[PDB]
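Read the single chain below, which is given as structure tokens and is the form deposited in one PDB entry.
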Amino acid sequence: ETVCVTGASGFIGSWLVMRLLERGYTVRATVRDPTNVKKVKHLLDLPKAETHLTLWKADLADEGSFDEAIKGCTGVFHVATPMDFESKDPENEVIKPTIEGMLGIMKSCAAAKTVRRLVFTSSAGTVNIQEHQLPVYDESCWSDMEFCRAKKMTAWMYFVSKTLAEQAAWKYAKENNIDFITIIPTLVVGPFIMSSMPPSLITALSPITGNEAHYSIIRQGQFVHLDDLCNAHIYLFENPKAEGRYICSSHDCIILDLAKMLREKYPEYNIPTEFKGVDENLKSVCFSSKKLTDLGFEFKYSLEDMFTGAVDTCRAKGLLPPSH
């Protein structure tokens, strides 16, 4: 059948298109700039690209820009999003286009008449951004926007855009009887086919790079393998019993435990053994994917799989040095 993937050039977008095409789908991939070779070459290089892949130019900031790509589609994966953590105008450059793009895409599906399910890639940032951390999160849990805006931790504007966009979308979907499903990944880690540094790998490989500003997201961290996640998107689109929100997270551990694993696998890098404000007694925080596994979904990869894939790929593409 015929599906649209928004933001197909990116980390999740491009891997999802690959798996989709492999599964026999016809894919309509959207990008902002089709002339950018670093954004599209990895898509065009996929098997079945000549026969089963089309490219479409679209930006979330433009009203109606996804109408054409979505008309005719049986399904839509809305993966595209503005990823700047360092914007001087968050409201206009990030929050507004994330929310309005989301609702625009839902309207574009409504206009199409052909789309039987819309799947949105939400964010764990919409779940556990509050001052006190519960031991385990599920799909009933939503972030505290007052706390997020006040604290301005790393990625706050991103977390706001994703939370507000999902709540807006559920409002629209309830009021228009739209078959809408959200997937809530934690930190996505693994090998990849894009040519530049995945945004989430900035965070995930911060113990190696020393990007201490990203430690706050992995201090009590949760993880999911790129391929498991992309398989979950396909699974939830296909499973007719699917409803509501779905956490997709396979592992949780504190930064201490992550860095240990990394130190052991990669002696060549300067990975710390101690982190400011972090103790061996710090609670690990779990995102429970029980709702997802209860449907019958199975995770297949380990934390070690994720990080080895990540680092090995980064090296191959000259995004990480061979050693320090």
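Sequential numbering from 1, following the sequence displayed. Between two forms, the rigid core is defined as the largest C-alpha subset superposing within 1.5 Å.
The same protein also exists as the form deposited in another entry; that form is not shown, yet it is the one meant from here on.
Participant: Considering only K113, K174, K152, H132, which residue exhibits a C-alpha shift of no less than 2 Å between the shown form and the other one, with the rigid core used for superposition?
Facilitator: Correct option: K152.
Participant: So with the core overlaid, does the Cα of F85 end up 2 Å or more away between the shown form and the other one?
Facilitator: Yes, shifts by 2 Å or more.
Participant: Did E304 and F85 drift closer or farther in the other form, going by a CA distance change of 3 angstroms or more?
Facilitator: Farther apart, which means the C-alphas of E304 and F85 are at least 3 Å more distant in the other form.
Participant: Compare the CA separation of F85 and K38 in the other form with the one in the displayed structure, and answer closer or farther (the difference is at least 3 Å).
Facilitator: Result: closer.
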